[PDB]
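Labels for the chains are A, B, C, D, E, F and G, by order of writing; each one numbers its residues from 1.
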Amino acid sequence: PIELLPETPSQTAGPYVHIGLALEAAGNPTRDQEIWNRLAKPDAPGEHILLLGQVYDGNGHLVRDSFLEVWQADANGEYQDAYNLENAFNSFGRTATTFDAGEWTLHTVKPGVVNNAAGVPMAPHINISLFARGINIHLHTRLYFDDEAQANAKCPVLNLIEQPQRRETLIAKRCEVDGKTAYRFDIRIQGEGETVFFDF
Amino acid sequence: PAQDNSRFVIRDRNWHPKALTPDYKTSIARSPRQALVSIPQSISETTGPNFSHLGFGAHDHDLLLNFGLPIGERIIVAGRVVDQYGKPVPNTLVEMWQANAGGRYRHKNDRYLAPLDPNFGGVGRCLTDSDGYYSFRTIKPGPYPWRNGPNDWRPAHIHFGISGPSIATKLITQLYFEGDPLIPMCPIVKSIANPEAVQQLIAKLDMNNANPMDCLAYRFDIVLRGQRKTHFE
Amino acid sequence: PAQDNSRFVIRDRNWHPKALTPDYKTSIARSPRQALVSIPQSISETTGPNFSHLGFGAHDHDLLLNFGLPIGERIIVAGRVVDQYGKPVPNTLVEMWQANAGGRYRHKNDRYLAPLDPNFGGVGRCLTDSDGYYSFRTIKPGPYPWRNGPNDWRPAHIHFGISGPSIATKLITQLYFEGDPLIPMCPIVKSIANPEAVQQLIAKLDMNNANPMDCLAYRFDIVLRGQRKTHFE
Amino acid sequence: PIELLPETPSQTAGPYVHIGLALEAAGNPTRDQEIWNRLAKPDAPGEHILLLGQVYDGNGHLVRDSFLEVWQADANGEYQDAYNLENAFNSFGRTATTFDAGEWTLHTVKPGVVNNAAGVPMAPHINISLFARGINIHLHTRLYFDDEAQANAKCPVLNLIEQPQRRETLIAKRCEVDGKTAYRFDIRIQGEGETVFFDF
Amino acid sequence: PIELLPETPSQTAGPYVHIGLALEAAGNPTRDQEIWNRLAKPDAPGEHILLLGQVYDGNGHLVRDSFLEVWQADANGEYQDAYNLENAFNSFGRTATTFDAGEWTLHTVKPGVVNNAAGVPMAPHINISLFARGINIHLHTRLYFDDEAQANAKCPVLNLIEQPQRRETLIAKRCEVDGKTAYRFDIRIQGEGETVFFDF
Amino acid sequence: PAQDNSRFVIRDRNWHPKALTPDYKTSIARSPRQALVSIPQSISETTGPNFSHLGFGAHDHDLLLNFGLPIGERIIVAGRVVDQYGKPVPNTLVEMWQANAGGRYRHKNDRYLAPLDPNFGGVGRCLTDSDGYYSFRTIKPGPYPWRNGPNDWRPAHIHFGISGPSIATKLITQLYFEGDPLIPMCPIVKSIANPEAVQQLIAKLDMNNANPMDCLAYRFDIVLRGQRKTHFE
Amino acid sequence: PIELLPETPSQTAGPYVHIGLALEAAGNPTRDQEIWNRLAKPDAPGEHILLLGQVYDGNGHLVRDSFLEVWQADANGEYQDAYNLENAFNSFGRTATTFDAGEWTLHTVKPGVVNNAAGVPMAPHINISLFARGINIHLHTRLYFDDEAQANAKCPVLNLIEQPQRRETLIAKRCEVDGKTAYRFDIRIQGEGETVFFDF
C-alpha cells in the first residue's frame, strides 16, 4: 500500500507542563500576551457561563497537574479561529488544575449548535484535550450541557456511543456559582464512570 | 469564522506510544480501560486556532535573553514543521520548555538538588514562517533523576507543543539529543514500541547551522497529520 | 633512594598519535623533524616520584566543593589504573582539569563568550588506592570552539595527567564522553590513527556507580606501560 | 605473537594545562601543597644552581604555553623518589614558560653521577619532559652541563647520538645571575639547531 | 554503558515451599535447629507483642500457601545480624499461612527507631518479604503500627507514598489476644485496598 | 549489630520475570495492579541475617542420607555464589527442596500418583565457604504434571533460596537440567521474557566433578546483586 | 549529524588557464568583453594606484603561470558587485604573471575602510585568490598598504595572525612607477617569508 511520512510520536507533557503553557499556574512571571482561561470578554454576545471540574485517576485520586485545552463555537455557533486578546470572544482556551484544590475553571459563553459533515446538527458542545504526566498521548473528550437534553438526544456524535450509560459521562451538571450560571464537568480517566474518550 | 474543508489522515495508534505502559509507573492509573470511541471528522475537529495575531515579545524564542548569561552549552534548535504529505505548515505555534544545564526546572515542585540558574527561565514560543521554519536559542538541558524505578534518569530533552492547522493536529512531544546514552534506557522513551518511531524524536547535530566561536546547532523536524481536501463525501 | 629493578614495555608509537598531524594546525610548527633517538632504559628512566606523602586537601578530588554549588550535570568520574599486564598501579597521582558546563575555562587566556561559574574552578587530584582505584566528583564539561579550522569544536572532555611508577610511564591524555557526536570530527582526536585506540579514550556511562536522585557516573580505566623485572641482563 | 593490553593513548596537554598543573602560573589560587620549581631548599647539599631557558617552535618563535617536568639525582647521584615538601631536596620538579617573557626557571642542585644498566657512569644530567598545545605526545630530552666536558665525552647516552653536532644541543651553557651560578638551556622543537629528543 | 554480570532470575517459590523452608508447617520432621516465628525469648528487652494476619489474592480469597520473611530492629532500634537460637532476640524470622485458617503469627518485640541514610528517623517498622505460588518475584512491604501516629506522620519512607490513602495500607491495627498486645496486619496483593509494595 | 555501609546495584525488573504472566494462571490473581514504590536504601534494606552460628547437622546437605538409599540418579549439585561484580559470597545460606525420582513431593498436598520414596525427604541446606562454594548430594528429580493448562508438565527442577549479605539480595529461584526438552514449554520458565535469562537457570553437566562409578555432577553458579561501598553520599 | 550535498571538489587550474581566463595573456584573440586588470577608469573617484608583484615557489623560483583574481571596495569602502565595462570602477579584476618577467599588474583605486561582522573597521585591503598548476585548491590572501600603519595596527583580521612577524607578509611596499603611486606585493607560496593564506 501507499505510506506517507510518519507523524512525530507523542510523549507525555510531564509534570512541569505549566512552566511552558501555564506560567501563572506554575507561579512564574508571565509574558505580555498569554493564552488562558477567559474565552469571552464581558461584552461578548451569548449566555456567559462558568465551567469547573476535577480530574480523577483510576484510584479515585485527584490529578493535580493536568492541563486542558478547549475549542468551541461562539453563541452564533461559529468558530473564531483568528485568536486575538482584543477579541470579545476567542474559540480557543487553556486551563489547568490547582496543585491544591485540583480544580480547573473557565470563563466563556454557551456555544451555539454546529452541523456535522452530513449536515446534521450536533448539540452544543465544547471539545477538550487533556494532558498530564502519565498520559502518553492526549485524551480527547466533549463537554455537553444537562439543560439541552432535547438536542443531546439527537446528537449524531453522542449517538455513536453504543451504551447509553456511557453517554451520561459527557454531560455537565448545571449549577450556580455566586449566583452565576456554572456547569461542573468531572473527568474520570479510568474505572467506574470512566469518561468517554474519542479518536478522530 | 472557520470552515470545514479539510480531512486529516487517521492517526496510527501503534506508532504513537500506547496509554498503558507499565514501566512508566504513572501511566498505570492514568490510562483509560475502555476503548476510545472513533468518530467522523466534523468542523469541530478539523478547525483550530491561528496565532498569527498573538503579540510575541522580541526575545520570545531566545532563552538566552528572555528571562547575565545562563551557564551551559549555547545551542540553536531549529527545524521545519511539515505534514505527512511533506507540505510546510506556515504560521503555526511552537512552544518549548526545559530544565537548565544541571537538569533543574524553574518550577515549585522541582526539588532536585542541582541549583537554579539566575539567568535562565526555560520557556520559548516561536511562530513558524511561510516555509514552516522555526528556531530557538537556548542552552542544552541536563538529564535528571525522577521517582520511577530506584535509579531512573531522563535523557536530556526539550518539551515541545505544536498547534498545527486544527485541534486534530495539535501535538505534545519531547526532543532528545543525538548519541545520548540514556535514551535507550528511558521508560518514557520506551512507551514507544517501534525503534523507528524513537529515531524521529532525536535531534541531529547540525554543524552547518552553527555560529563559529559561538554556539552549536541541532536540527529537529516535526511531522503533523497529513491534511487533504474532502472528496466524494 | 630509587633503584633500577624494572623494565617497561616499549611504547607503540603507531598506537599513540604521531607528532605531525596537519589537521591539528599547531602540531605543524611544534613537531620535531629529526627522528627520536632510542636509548636503553637506565635508573634515570625507570624511576620516578612517589606522591604518597603529598598533603592532599580533603576535597582535592571534589570539584563540587573545592573552589554555592556549580551549575551543570553532576557526575562521578571513576576507574582504575592498571599496567599492560593488567596489574593495578596503587598510590599513583591522577590530576585532572576541565572547563565548566558551558565550555569556559577559569584561565586568563580563555575569552570564550560562555561565562565563568562563580562556584567552579575545574581542577582536581587523587592518589589511587591499594587496588589502583581513583574517583572524582564534578560537573560534565561543555564542548567549546577553538581557532583551528573556521568551525572547529572540541568534544566535551576532561584533561588527565597520570604519574605511574616512573617517568617512563607518565602520561597526559583526555577523557571523552560516550556517544558524543563531536568525537569523530575532532582533529585532536583524529591525531590518533587507529579507531580502536580512540575507543580507549571514551568514558562509558556507569549506572551501577551512580547515586540515585543525585548524580550520574562514568567509568574511565587507564592502562600504563607494562612493568616487568629485568632478566638475563 | 603475544599481545598485552594497549597503553591508553596520549593527547596534547592543551593551552590551559596551567590550570591543573601550574596553578600559580595560570594566576589562580593554589592549594596548600603544590609541586613546583624549587627542587632544593637553600640548605641542601651540593652546588646550588639556577636553570633557565626558552622553547622555540619550527618558525623560531617562542612557545609561551609550554609545561616541563624534571627528574634528577641529588648531588650524591641518588634519586629521591619519596616526594615531600619537607625534604631539603626533591628529585622531581615542575616549571612552565611565561605567557610574557616565555622563560622558565628551576632552582636546584647539580646532579651527581649515576651509572647505566651496564655499570657505566653517565655524565651529570637532568631528565626533561616537554608538554604543550600542538604536542600530541610529550618530548623527552636531557640537560647536560658545559663545564663537564670530560664526563660528557664518555657518556654512553650522549654517545648513542650518531652526529657529534647533535650532541651539542643537549649542553647547557654556564652563566651567572645576580652572582648566582646559572645554566641556560634553550629547546628548539624543530628546524635549525633542533634539539635531540629520546625514545625509551 | 558498563554492564556487570546479570543477577540470577527469580522464580516462584511454588506450592511446596514449606518442605524446604517451613518444615513444621509442611508437617514433616524438623531438624535440630530451624528458623521460625519466634524472634524473642520471654526475657528479651522491650515490649513483647504478637503479630498476626491474613493474605488475600485479587479475588478476596485467602492465600493459604504463602511464606513470609521478616527483618526488624530490637527494642533499641538495633539490627541483630548474628543469627542464633541461643539469642534472646533475633532480628530475622520466618512465618507462613495455615493450609486451614490461613493466618500467620509472629512472636517478637516492638522495634526501636532507626535512621535513614540521611540521618532522618523512620517510624518503628518491620520489613516483610512475601513468597508463594503465583508470585514470580517476591513482594517487599513494611509493617507500621497504628499507635505510632506521630512517628508515622514524619516517616521519610511513608512520606514517599504519594497518596495518603495508600499509606494506611501499611498500618497494623492494635488489638489484644489472650490479654496480650497484638497487631493485625492483612495483606491484599491485588485490588481494592491493595497493599503498598516497594522496590529497593 | 549490623551497620549501613553498603549499597546494592538496583534490580533489573526486565531481567526477572514480571508479576503478571497470564500463561502461568495463578499469577493472574496474585500479582499487584499498582506500581511498586521505589525507596532509597537504608540500613533496613542493606542489612540481613548472618547464619554462621546456625547449628547445621552433619548431613544437612546430603539428601542421600538426611532422611536405605533413595532410588534415582545419584548426582552432586555444586557451584559458587558471587555478586554482580564477580565477588564471592562467603558464609551465605543456601537452601533447597525438590521432588523424588518420580516427581513426587513429600508434602501433604502432593497427590500425584507417583509413589513416595521411603528413603527420600527432599530438603537440604548448606552454608557457602570462604570462596562462595556450596554443594549437595541428591538424586535427580523427575518432571511432574500440574493443573495449569490441560497437559502442563514442569521440567525436572530443584528449588533454591539464597540469603546473601542482606534482605536486598535474598532470592528464591529454580535450577533446570541441561537439555531437558520440557524447559521451553514451561509457562513458569516462560515468565522470564529474555532467553538469555533462562540460560542462567540451567545447570550444566559437570563430568569433572563426578565420582567415577558412583555419581554424576551438575554445576550451578548463582549471581546476587552487586555490593559496593557508598560514595559522596 | 546533518550532512548537506558535498561541494564539487576543486582541481588545479593547470598550465593553460590563460586560454580560458586570460585570453590576451595566452596570446589568443579576445572577445568583445573581457574581465581584466583595469578596475578603475581614469575618471574614477579615489586615489589611483598601480599594484605589481611576483609569485615565488618554495625554491625561490618565479611562478610564470599564475592567475590572480581580486575583490576590493571602492574609495567609499563600498563593494560594487554589478560588473560592467561601462562602470568607472569595478570591484573585481583579473591579472596574470608574464611567462617572461613573471610579474602581474593591476590598475585601481585605494579601497576605503570596511567594518567586519562585529562592526569593527578593517584596514584598507584587497582580497586575492591565487590559481596555478601545482595548486590543487586556490590560495586566499589579502593585500594591505604600508602607509596605513595606523589602521593596520588595529585590523581585527591582521590581529588574528598569531605572530606579528607573519603579519608583515601581507603589507605591500609603496613606491612610484613613472611618477605614479605603486605598491609592490610579492607572494611566497612556501618557505622563507611564506605569505599568510586564509581559510573562510
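The rule is short, and it goes like this: contacts are C-beta pairs under 8 Å (C-beta built on N, C-alpha and C of every residue); 3 or more make two chains touch, one makes a residue touch a chain.
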item	value
Those chains which touch chain F and also touch chain A	B, E
Distance from the mean Cα position of chain D to that of chain B, given in whole angstrom	57
Distance between the centres, which are taken as Cα means, of chain G and chain B, whole angstrom	50
Cα-centroid distance, chain D relative to chain F, in whole angstrom	63
Length of the line joining the C-alpha centres of chain F and chain G, rounded to whole Å	84
Residue numbers of chain G (touch at least two other chains)	1
Chain F residues counted as touching two or more neighbouring chains	9-11, 13, 33-34, 38-40, 84, 226, 233
Pairs of chains found to touch, sorted by chain label	A-B, A-E, B-C, B-E, B-F, B-G, C-D, C-E, C-F, C-G, D-G, E-F
Parts of chain D lying in touch with chain C, wherever the complex brings them together	4-21, 23, 26-29, 31-33, 35, 57-59, 61, 63, 65, 69, 71, 73-74, 78-86, 90-92, 99, 114-117, 122, 125, 127, 129, 131-140, 157, 160-161, 166, 189-191, 194-200
Chain B to chain E touching residues, read off their complex	147, 149-150, 181, 185
Touching residues on chain E, where the partner in the complex is chain C	1-2, 4
Chain C - residues contacting chain E, complex	178, 204-209, 219
List of chain C residues in touch with chain B within their complex	68-69, 71-74, 100-103, 112-115, 117, 139-140, 142-143, 145, 147, 150-151, 153, 178-182, 185, 205, 207, 210, 212-214, 216
